[PDB]
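Read the structure below first, then the notes.
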Amino acid sequence: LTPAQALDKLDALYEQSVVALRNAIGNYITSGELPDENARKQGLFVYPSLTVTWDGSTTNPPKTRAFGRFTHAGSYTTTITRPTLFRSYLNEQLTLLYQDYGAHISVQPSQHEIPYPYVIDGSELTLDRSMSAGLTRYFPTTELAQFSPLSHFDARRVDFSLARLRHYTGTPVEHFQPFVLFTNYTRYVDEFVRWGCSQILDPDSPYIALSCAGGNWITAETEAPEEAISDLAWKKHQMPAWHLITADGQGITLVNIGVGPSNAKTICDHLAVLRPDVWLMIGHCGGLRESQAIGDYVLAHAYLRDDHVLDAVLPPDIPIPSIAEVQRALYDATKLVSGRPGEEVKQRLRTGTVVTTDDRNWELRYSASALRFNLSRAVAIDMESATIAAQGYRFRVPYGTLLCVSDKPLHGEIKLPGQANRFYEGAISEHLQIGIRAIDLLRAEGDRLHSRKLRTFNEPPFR
Amino acid sequence: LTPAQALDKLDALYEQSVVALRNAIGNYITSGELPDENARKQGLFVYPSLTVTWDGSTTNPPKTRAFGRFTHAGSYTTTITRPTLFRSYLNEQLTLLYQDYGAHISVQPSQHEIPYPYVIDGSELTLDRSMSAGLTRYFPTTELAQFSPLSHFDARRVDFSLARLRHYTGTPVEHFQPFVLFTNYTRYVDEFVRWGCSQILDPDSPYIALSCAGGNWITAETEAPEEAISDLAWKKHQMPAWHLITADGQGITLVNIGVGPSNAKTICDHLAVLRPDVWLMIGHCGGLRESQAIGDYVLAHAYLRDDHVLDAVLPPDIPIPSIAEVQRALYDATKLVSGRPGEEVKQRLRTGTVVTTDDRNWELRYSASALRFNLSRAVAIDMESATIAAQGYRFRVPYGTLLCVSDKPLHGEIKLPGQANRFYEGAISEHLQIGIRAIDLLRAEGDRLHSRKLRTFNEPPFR
Amino acid sequence: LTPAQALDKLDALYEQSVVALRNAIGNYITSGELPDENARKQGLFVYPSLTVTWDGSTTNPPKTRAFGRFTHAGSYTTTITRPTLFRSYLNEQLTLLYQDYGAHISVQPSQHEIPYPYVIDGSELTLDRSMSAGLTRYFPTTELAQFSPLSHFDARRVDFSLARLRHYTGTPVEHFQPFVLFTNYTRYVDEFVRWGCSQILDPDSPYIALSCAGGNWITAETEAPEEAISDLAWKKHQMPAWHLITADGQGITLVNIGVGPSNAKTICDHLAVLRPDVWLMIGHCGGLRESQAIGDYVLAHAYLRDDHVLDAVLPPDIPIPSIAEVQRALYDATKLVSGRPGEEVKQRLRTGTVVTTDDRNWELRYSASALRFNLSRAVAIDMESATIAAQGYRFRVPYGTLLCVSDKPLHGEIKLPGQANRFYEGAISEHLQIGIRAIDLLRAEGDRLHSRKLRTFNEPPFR
């Protein structure tokens, strides 16, 4: 079976099942009819299954490629969902294994049923208690409990996160671009939207659309480009997102994750299933060194993890490295945008260890932290960095952090983003531009972007 | 010196210093003039100091009162800030020690200077780098490096939190009421404002005003009571607050803390300095038992602390108890507001252990958590409870938690806040009313509210 | 006082004290005469003391330099030993502070006496028990329990390590060069000596001498350059060293630390006092990825610390970053020497996380380690790397690791250093050359080499 063939059969089996599940739900609601356990056993409400097999012998198998590689010979399978949505990705991946390895591709019904909530296209159902109780009782519901994996996530895990992304983001998952930017300050999105609307108008710019948290779709032929940032978004969605789309889907997605490790973890948990090409943390931080000035930039080369939120799945003694590719991009982008070539940057940019804490009022316990700050040669403190970085590491998503000093806790200039602090607010536009330029630089690097620094021993074939 | 005298002298010394500091700042800005180190040594920019002394001999000293008591004989002192703001509190406290113990009160300049940022009534003065550098260099600044304590917080710690409360809350600290309600869902404030505006209109209701996050002040003689909830509030402030004020300052303050342990901890750190009479957690949770129905209520009698955020200052093995007074109020209010002719609360209310986690996607690791959930006899899971409760314990603020099941993760009904949930949205109004009634019941209890369950061995004299 | 003046006075006071101490010892040995407690109180047997003071005001103080900087105004002092030995270093350092800050330099007797064992130049005066007991009783001994630090180490700590370096190394501390190479396989020194002797003969090469472990001094005018590697060295010294010296003392020192974290830690502890410019780990490792071929190179970008030896002074959760400057040099040198121009290095060079263990037979417990190897995305495993890197971090000595796969434990190719390993043995010469070329590249970078990534908050003025 070939890539295009597999994709078509996945589409077929998927659509068929969701349509079948919808009907059953409809019938149960209109009359009280239940599906026959026999047809289900046949794969009535089942996700398609993709299996790739490799004999284990090829002339010269790619030994340098970061993804689309095989560690050993055997069969790799995985349940698939939303084939159309992942068309490109699945094509690209299956193609790599088909050609470079001459792998056997096969598609068939899985043993896993699609939880009914994921097939209800419109809105969540709102039947009376007796009705809901019946649905959860006779239909496929989510099951919290959960020879080789072909990809990082299975169908259920992906459907789970797609629903969440939409809810938290107030945006359709189809609009998400491969290059992500995370911010922890509302003004960054103000600046992003402005620069975005502007780009849409320039006929030379690839940016043709702007998806907005809340539903707004802005294009070059839109009447009132002011509805871009509807204040209602921040009340409806916890982590508002904005997508600057391009025809080839190589735009920039910006998510305002807010503040705290909890949110940073959560958003990455879901965004990971879209297999982004990279996500950068572009936000404010507290400068810990006497020589830093508000408005300066910090490029993180390591993290002191005091965020706790990931300690169970990724112990604090596991090193989270930097991605050279991303570091260079971040560094060069700072030279370019900040208008200071060579090593003039040194006066505006500091590269060092960032401390991420889950305690916003960490200042009330400075003495208790001082030793570790010193021990780690801390240069700045924030609340999302390490988390974003750890998640990128966990999910194989290139990551990086370029923060901007919004204050100096240890040197009297204590403040809080969202108050009277002109030197930081004046840095915002520039800061955002550095992130955007880094993305441009990385987007150009093509495949060089992804390296082997994130691969595990049992790394799945799909990127 | 008597209470009223002490209060007047504190007011005098305080205003004098803040005025002196403003002048010095103005002079330095207009000309470049610096204050003379001699006048400062005299207490030019200094916080007033309040000292209460007790000989150690009185007929029958209160041995049962939770607060306003002396452990031993001696002198107790503390720097004071915003005497006017704390007029009632300070009066009530000094009065108890003055009469019941015949204590000696004295007010004098302290050795601590008021950090200039706290005297700048308006926003920050827009100064260039050279100017700011000078201010932080020649004037008092907030420093992290920080006979017996008279109160829980000193002037600097208090000023620090007052500025914060205003920023996070979008409200003036003068409007905060003694009875606090914390919510984690935007709809609760919608319901609170509605019920509030309504009360303001009822001539029999003590509620005469409604302070709104953002600046709005609604009274019985206000034209458009719709500006109560300005959507812009949720963009400008992280933890919007609303105060239903009464003439005697015994109203109800509601803060939407949002989601996560980080925020819960932060807000409590600052709100603690206003010495609230009680704070209740009124939010949604996930029901963990199959016999629970969406919309049911959970009264927490214990907490499994998986929030991490407070592990350093309060180890997980330190037991956080329940306050019987608050429990009864919460239980009775559930009977009253929810009460139905032919039924017992047991069918709607479950009393048990709540798990508070910093991991929103804890479901992705159920197996790893299952043992502890069982071990703890967990009944519900949320993200703020334990934190609010632990902070209450730490700051001696009676606390309680009454949650409402918004979904059942372990039983095929995963629903998210804001998603279409017929039976949880329908419970919000009643839920809020239970909180409000519990407050009413506690407000009536007068002093019974506060007990000795929160006192430490070195408990300060002031409540 | 000027740098040159300070150096002369340090030399004077130092020589004077060591001479005074020798006499006193001589007198006690020949007759039984004890020094008078009065002359001692005057600084008879005392180390010189160097003090630098800074008013705290300078036009534009260096805010970018990695070393020779002041954090605040005040006085910095330290006891000094072997001024002649450290002449260059002390000169360079005092000069930076003298000119760039116009600092006040002063030299005077300290309150610390030189332990007599450090003044016994030969150490060959055998004394009976009664005599030794007397010496330790009436003279300055090495006390184990040993206004702001001017440098990282004090006179006693330095003397302590200089003695050790000589003993372990079988070399005079005066011969140590600023650029260090650490190896864990004897063949690397064979290759180093060969390439060294050869360089000494080329009239264009800066290398004019070769100090050998054991005592040999080889020059362009030496008869038998075969005595370079005397087999007796490996029996006499635990960590033999070899120095390729140049007229300006910018050669290359190579130390064969052997195997194990204990040795790696120990050698660094002592070598640190000579304030090297950099030290690189050039040794073999086990390749953990099936795509790696024996002979391939591993550039470490992070370390999984399973060495234990440094856990107490540097907790495993403290991140040990990579030094970009060193990483580039190592990377570039691999391109140049490995003659694989461009991105083709990828096939020979793998950049990733290295696991350092103190358990050579770790293979007997693979299952127990597999989880962490995977968790850390381990690429190779060795026994010195992390330790060397940690020590570099702790002592502010730029560091880096470029290992060469000598075997593949996880893939049926286990090989022991010294066994017939066609593809590892054939790469040793190339490997060593990569290290040497990295040093050449770094040596050219001048001051760029040192960055601020290693500075602590209380970082001493001296490099």
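Each chain of the structure tokens is named A, B, ... in the order shown, its residues numbered from 1; ligands are numbered from 1 in display order.
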
Closest atom pairs, chain B residues within 6 Å of chain A, only C-alpha atoms, as CSV:
```
residue,atom,partner,partner_atom,distance
B:123,CA,A:420,CA,5.8
B:124,CA,A:420,CA,5.2
B:141,CA,A:412,CA,5.2
B:142,CA,A:412,CA,5.2
B:143,CA,A:412,CA,5.9
B:231,CA,A:232,CA,5.6
B:232,CA,A:231,CA,5.6
B:234,CA,A:235,CA,5.5
B:235,CA,A:234,CA,5.5
B:262,CA,A:358,CA,6.0
B:358,CA,A:262,CA,5.9
B:412,CA,A:141,CA,5.1
B:420,CA,A:124,CA,5.4
B:422,CA,A:126,CA,5.7
```

(message) Please return, as number ranges by chain, all residues of stretch 267-356 of chain A that DSSP assigns to alpha helix (DSSP H) on the basis of the backbone.
(response) A: 267-271, 324-337

With N, CA, C and O atoms retained, could you export that selection as a tab-separated table (two decimals), in the first residue's frame?
```tsv
chain	number	residue	atom	x	y	z
A	267	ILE	N	-0.81	23.90	28.34
A	267	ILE	CA	-0.86	24.25	26.95
A	267	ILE	C	0.07	23.39	26.09
A	267	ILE	O	-0.32	22.93	25.02
A	268	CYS	N	1.28	23.13	26.57
A	268	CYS	CA	2.20	22.32	25.81
A	268	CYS	C	1.70	20.88	25.67
A	268	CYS	O	1.87	20.28	24.60
A	269	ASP	N	1.09	20.35	26.73
A	269	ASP	CA	0.55	18.98	26.71
A	269	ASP	C	-0.35	18.81	25.48
A	269	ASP	O	-0.30	17.78	24.81
A	270	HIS	N	-1.16	19.82	25.20
A	270	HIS	CA	-2.06	19.72	24.07
A	270	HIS	C	-1.46	20.14	22.73
A	270	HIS	O	-1.63	19.46	21.72
A	271	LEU	N	-0.74	21.24	22.72
A	271	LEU	CA	-0.15	21.74	21.50
A	271	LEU	C	0.82	20.75	20.88
A	271	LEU	O	1.05	20.75	19.67
A	324	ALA	N	21.17	24.28	20.04
A	324	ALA	CA	22.08	25.20	19.38
A	324	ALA	C	21.42	25.96	18.24
A	324	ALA	O	21.56	27.19	18.14
A	325	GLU	N	20.71	25.24	17.38
A	325	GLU	CA	20.03	25.85	16.25
A	325	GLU	C	19.16	27.00	16.74
A	325	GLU	O	19.26	28.11	16.23
A	326	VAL	N	18.32	26.73	17.74
A	326	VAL	CA	17.42	27.74	18.28
A	326	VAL	C	18.18	28.85	19.00
A	326	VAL	O	17.83	30.03	18.91
A	327	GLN	N	19.24	28.49	19.70
A	327	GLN	CA	20.05	29.49	20.39
A	327	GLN	C	20.64	30.48	19.38
A	327	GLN	O	20.50	31.69	19.57
A	328	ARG	N	21.27	29.97	18.32
A	328	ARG	CA	21.87	30.83	17.29
A	328	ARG	C	20.83	31.76	16.71
A	328	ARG	O	21.07	32.95	16.58
A	329	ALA	N	19.68	31.21	16.34
A	329	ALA	CA	18.61	31.99	15.76
A	329	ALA	C	18.21	33.11	16.71
A	329	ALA	O	18.07	34.25	16.30
A	330	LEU	N	18.04	32.77	17.99
A	330	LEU	CA	17.64	33.74	18.99
A	330	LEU	C	18.70	34.81	19.15
A	330	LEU	O	18.39	35.99	19.26
A	331	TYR	N	19.96	34.38	19.15
A	331	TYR	CA	21.10	35.28	19.30
A	331	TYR	C	21.24	36.21	18.10
A	331	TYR	O	21.34	37.43	18.26
A	332	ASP	N	21.25	35.65	16.89
A	332	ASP	CA	21.37	36.46	15.68
A	332	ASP	C	20.19	37.42	15.57
A	332	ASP	O	20.36	38.61	15.28
A	333	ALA	N	18.99	36.91	15.82
A	333	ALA	CA	17.80	37.74	15.74
A	333	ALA	C	17.91	38.93	16.69
A	333	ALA	O	17.34	39.98	16.43
A	334	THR	N	18.64	38.75	17.79
A	334	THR	CA	18.79	39.83	18.76
A	334	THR	C	19.77	40.86	18.20
A	334	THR	O	19.62	42.06	18.42
A	335	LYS	N	20.79	40.38	17.48
A	335	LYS	CA	21.78	41.26	16.86
A	335	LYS	C	21.08	42.12	15.83
A	335	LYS	O	21.15	43.35	15.87
A	336	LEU	N	20.39	41.46	14.91
A	336	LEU	CA	19.66	42.12	13.83
A	336	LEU	C	18.65	43.15	14.32
A	336	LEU	O	18.82	44.35	14.09
A	337	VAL	N	17.61	42.69	14.99
A	337	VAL	CA	16.58	43.59	15.49
A	337	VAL	C	17.06	44.66	16.46
A	337	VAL	O	16.63	45.80	16.38
```

(request) Show which residues sit within 10 Å of residue B:435, as a PyMOL selection string. Count only C-alpha atoms, and ignore same-chain residues fewer than 2 positions away. (result) chain B and resi 180-182+279-282+329-330+333-334+337+400-403+430-433+437-441

Atoms kept (N, CA and C atoms) for selection, written as a compact mmCIF listing (two decimals), in the first residue's frame:
```txt
# COMPACT_ATOMS: atom_id res chain seq x y z
N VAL B 180 -14.64 37.09 52.78
CA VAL B 180 -14.19 36.79 51.44
C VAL B 180 -14.66 35.49 50.81
N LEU B 181 -14.92 35.56 49.52
CA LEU B 181 -15.34 34.42 48.74
C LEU B 181 -14.37 34.30 47.57
N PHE B 182 -13.84 33.10 47.34
CA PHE B 182 -12.92 32.88 46.23
C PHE B 182 -13.64 32.00 45.21
N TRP B 279 -12.36 33.33 54.74
CA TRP B 279 -12.40 33.23 53.29
C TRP B 279 -12.81 31.82 52.93
N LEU B 280 -13.75 31.75 52.00
CA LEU B 280 -14.31 30.50 51.56
C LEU B 280 -14.04 30.22 50.11
N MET B 281 -13.71 28.97 49.80
CA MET B 281 -13.47 28.58 48.42
C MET B 281 -14.81 28.10 47.85
N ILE B 282 -15.33 28.82 46.86
CA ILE B 282 -16.59 28.44 46.23
C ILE B 282 -16.30 28.23 44.75
N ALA B 329 -21.37 26.21 59.47
CA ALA B 329 -21.98 27.25 58.67
C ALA B 329 -22.15 26.76 57.22
N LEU B 330 -21.11 26.14 56.69
CA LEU B 330 -21.16 25.65 55.32
C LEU B 330 -22.20 24.56 55.18
N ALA B 333 -25.78 26.13 55.74
CA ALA B 333 -26.15 26.94 54.58
C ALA B 333 -26.54 26.04 53.41
N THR B 334 -25.95 24.85 53.34
CA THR B 334 -26.29 23.94 52.25
C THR B 334 -27.69 23.39 52.52
N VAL B 337 -30.27 26.72 51.83
CA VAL B 337 -30.38 27.09 50.43
C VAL B 337 -30.78 25.94 49.50
N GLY B 400 -12.64 27.66 54.72
CA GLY B 400 -13.52 26.54 54.46
C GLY B 400 -13.66 26.37 52.97
N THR B 401 -14.10 25.19 52.56
CA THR B 401 -14.25 24.88 51.15
C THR B 401 -15.52 24.13 50.84
N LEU B 402 -16.34 24.70 49.97
CA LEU B 402 -17.56 24.03 49.54
C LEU B 402 -17.54 24.04 48.02
N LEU B 403 -17.19 22.91 47.43
CA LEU B 403 -17.09 22.80 45.99
C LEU B 403 -18.35 22.21 45.36
N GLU B 430 -27.21 28.67 42.92
CA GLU B 430 -27.48 28.09 44.24
C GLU B 430 -26.17 27.98 45.03
N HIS B 431 -25.12 27.53 44.34
CA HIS B 431 -23.80 27.35 44.92
C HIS B 431 -23.35 28.65 45.55
N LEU B 432 -23.43 29.74 44.78
CA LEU B 432 -23.00 31.02 45.29
C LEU B 432 -23.82 31.41 46.50
N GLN B 433 -25.12 31.14 46.45
CA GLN B 433 -26.00 31.47 47.54
C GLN B 433 -25.63 30.72 48.80
N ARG B 437 -24.82 32.57 52.23
CA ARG B 437 -25.55 32.27 53.45
C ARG B 437 -24.59 31.82 54.55
N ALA B 438 -23.53 31.11 54.18
CA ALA B 438 -22.56 30.66 55.17
C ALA B 438 -21.94 31.91 55.79
N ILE B 439 -21.65 32.88 54.95
CA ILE B 439 -21.08 34.12 55.43
C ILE B 439 -22.06 34.78 56.40
N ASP B 440 -23.34 34.85 56.02
CA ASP B 440 -24.35 35.44 56.89
C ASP B 440 -24.36 34.75 58.25
N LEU B 441 -24.35 33.41 58.25
CA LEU B 441 -24.34 32.65 59.49
C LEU B 441 -23.10 32.93 60.32
```

So which residues touch residue A:290 within 10 Å, counting only C-alpha atoms, skipping near sequence neighbours fewer than 3 positions away, as a compact mmCIF listing (two decimals) with N, CA and C atoms, in the first residue's frame?
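Generated file (out.txt):
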```
# COMPACT_ATOMS: atom_id res chain seq x y z
N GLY A 287 15.28 40.54 36.50
CA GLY A 287 16.72 40.49 36.36
C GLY A 287 17.34 40.34 37.73
N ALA A 293 19.89 46.01 33.11
CA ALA A 293 19.01 47.16 33.05
C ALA A 293 17.65 46.70 32.57
N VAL A 379 20.59 34.18 36.47
CA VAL A 379 20.69 35.46 35.79
C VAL A 379 19.32 36.15 35.74
N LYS A 408 13.93 44.47 38.57
CA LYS A 408 15.07 44.00 39.33
C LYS A 408 14.74 43.93 40.82
N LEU A 410 15.99 42.23 43.34
CA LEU A 410 17.11 42.31 44.25
C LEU A 410 17.77 43.68 44.30
N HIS A 411 17.32 44.60 43.44
CA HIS A 411 17.92 45.91 43.41
C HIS A 411 16.94 47.08 43.49
N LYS C 63 31.24 46.43 32.21
CA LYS C 63 30.03 45.70 32.57
C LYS C 63 29.89 44.42 31.76
N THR C 71 31.86 44.04 41.95
CA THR C 71 30.41 43.96 42.11
C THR C 71 29.92 45.17 42.89
N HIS C 72 30.73 45.58 43.85
CA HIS C 72 30.40 46.71 44.71
C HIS C 72 31.69 47.40 45.16
N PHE C 457 27.25 35.45 42.22
CA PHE C 457 26.86 36.78 42.69
C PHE C 457 28.02 37.44 43.45
```

(message) Residues near residue C:386, anyone? I mean within 8 Å using only C-alpha atoms, not counting same-chain ones fewer than 3 positions away, as an MDAnalysis selection string.
(response) chainID C and resid 303:305 307 354:356 383 389:390

Selection export as a PDB file, in the first residue's frame, atoms kept: C-alpha atoms:
```
ATOM      1  CA  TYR C 303      25.443  15.571  31.530  1.00  0.00           C
ATOM      2  CA  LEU C 304      23.508  12.988  33.481  1.00  0.00           C
ATOM      3  CA  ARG C 305      25.451  12.986  36.756  1.00  0.00           C
ATOM      4  CA  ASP C 307      29.132   9.967  39.433  1.00  0.00           C
ATOM      5  CA  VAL C 354      26.554  12.053  28.182  1.00  0.00           C
ATOM      6  CA  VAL C 355      26.062   9.847  31.213  1.00  0.00           C
ATOM      7  CA  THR C 356      28.908   9.754  33.702  1.00  0.00           C
ATOM      8  CA  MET C 383      33.367   7.902  33.762  1.00  0.00           C
ATOM      9  CA  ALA C 389      32.624  19.652  33.655  1.00  0.00           C
ATOM     10  CA  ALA C 390      31.189  20.125  37.154  1.00  0.00           C
TER      11      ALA C 390
END
```

(request) Determine, counting only C-alpha atoms, which protein, DNA and RNA residues have an atom within 7 Å of an atom of stretch 224-228 of chain C; residues of the same chain fewer than 2 positions away are not included. Present the result as JSON, numbers by chain. (result) {"C": [193, 212, 216, 218, 222, 230]}

(request) Rank A:249, A:387, A:288, A:311 by their smallest atom-to-atom distance to residue A:374, using only C-alpha atoms, and report the top residue only. (result)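 Between A:249, A:387, A:288, A:311, the residue approaching residue A:374 most closely is A:288.
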
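With only C-alpha atoms as the basis for measurement, C:298 is the residue among C:298, C:220, C:52, C:7 that approaches residue C:284 most closely.
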
(message) Could you list, as a list in words, every residue within 9 Å of residue C:348, counting only C-alpha atoms and ignoring same-chain residues fewer than 2 positions away?
(response)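 Here the answer would be residues 292, 293, 295, 296, 297, 298, 338, 340, 344, 345, 346 and 350 of chain C.
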
For those residues, write N, CA and C atoms to a file as a PDB file, in the first residue's frame.
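Saved the output as selection_11.pdb:
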```pdb
ATOM      1  N   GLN C 292      25.402   4.648  16.008  1.00  0.00           N
ATOM      2  CA  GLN C 292      26.775   5.111  16.204  1.00  0.00           C
ATOM      3  C   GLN C 292      27.741   4.014  15.823  1.00  0.00           C
ATOM      4  N   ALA C 293      28.860   4.402  15.230  1.00  0.00           N
ATOM      5  CA  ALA C 293      29.880   3.445  14.833  1.00  0.00           C
ATOM      6  C   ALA C 293      31.119   3.693  15.676  1.00  0.00           C
ATOM      7  N   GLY C 295      34.474   4.726  16.750  1.00  0.00           N
ATOM      8  CA  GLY C 295      35.314   5.684  16.067  1.00  0.00           C
ATOM      9  C   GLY C 295      34.597   7.005  15.912  1.00  0.00           C
ATOM     10  N   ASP C 296      33.281   7.005  16.109  1.00  0.00           N
ATOM     11  CA  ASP C 296      32.499   8.237  16.016  1.00  0.00           C
ATOM     12  C   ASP C 296      32.769   9.179  17.203  1.00  0.00           C
ATOM     13  N   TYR C 297      32.491  10.457  17.007  1.00  0.00           N
ATOM     14  CA  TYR C 297      32.701  11.416  18.074  1.00  0.00           C
ATOM     15  C   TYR C 297      31.393  11.852  18.746  1.00  0.00           C
ATOM     16  N   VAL C 298      31.485  12.167  20.038  1.00  0.00           N
ATOM     17  CA  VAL C 298      30.341  12.643  20.812  1.00  0.00           C
ATOM     18  C   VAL C 298      30.694  13.990  21.455  1.00  0.00           C
ATOM     19  N   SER C 338      38.665  16.300  11.044  1.00  0.00           N
ATOM     20  CA  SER C 338      37.970  15.133  10.514  1.00  0.00           C
ATOM     21  C   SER C 338      37.712  15.289   9.027  1.00  0.00           C
ATOM     22  N   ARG C 340      35.665  16.538   7.262  1.00  0.00           N
ATOM     23  CA  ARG C 340      34.316  16.366   6.739  1.00  0.00           C
ATOM     24  C   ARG C 340      33.651  17.749   6.748  1.00  0.00           C
ATOM     25  N   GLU C 344      28.361  17.645   6.858  1.00  0.00           N
ATOM     26  CA  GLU C 344      28.653  16.221   6.747  1.00  0.00           C
ATOM     27  C   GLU C 344      29.226  15.643   8.042  1.00  0.00           C
ATOM     28  N   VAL C 345      29.600  16.516   8.974  1.00  0.00           N
ATOM     29  CA  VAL C 345      30.116  16.076  10.269  1.00  0.00           C
ATOM     30  C   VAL C 345      29.092  15.168  10.948  1.00  0.00           C
ATOM     31  N   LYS C 346      27.821  15.541  10.829  1.00  0.00           N
ATOM     32  CA  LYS C 346      26.709  14.796  11.404  1.00  0.00           C
ATOM     33  C   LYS C 346      26.886  13.281  11.357  1.00  0.00           C
ATOM     34  N   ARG C 350      28.124  13.370  16.864  1.00  0.00           N
ATOM     35  CA  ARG C 350      26.786  13.380  17.451  1.00  0.00           C
ATOM     36  C   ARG C 350      26.875  14.276  18.683  1.00  0.00           C
TER      37      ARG C 350
END
```
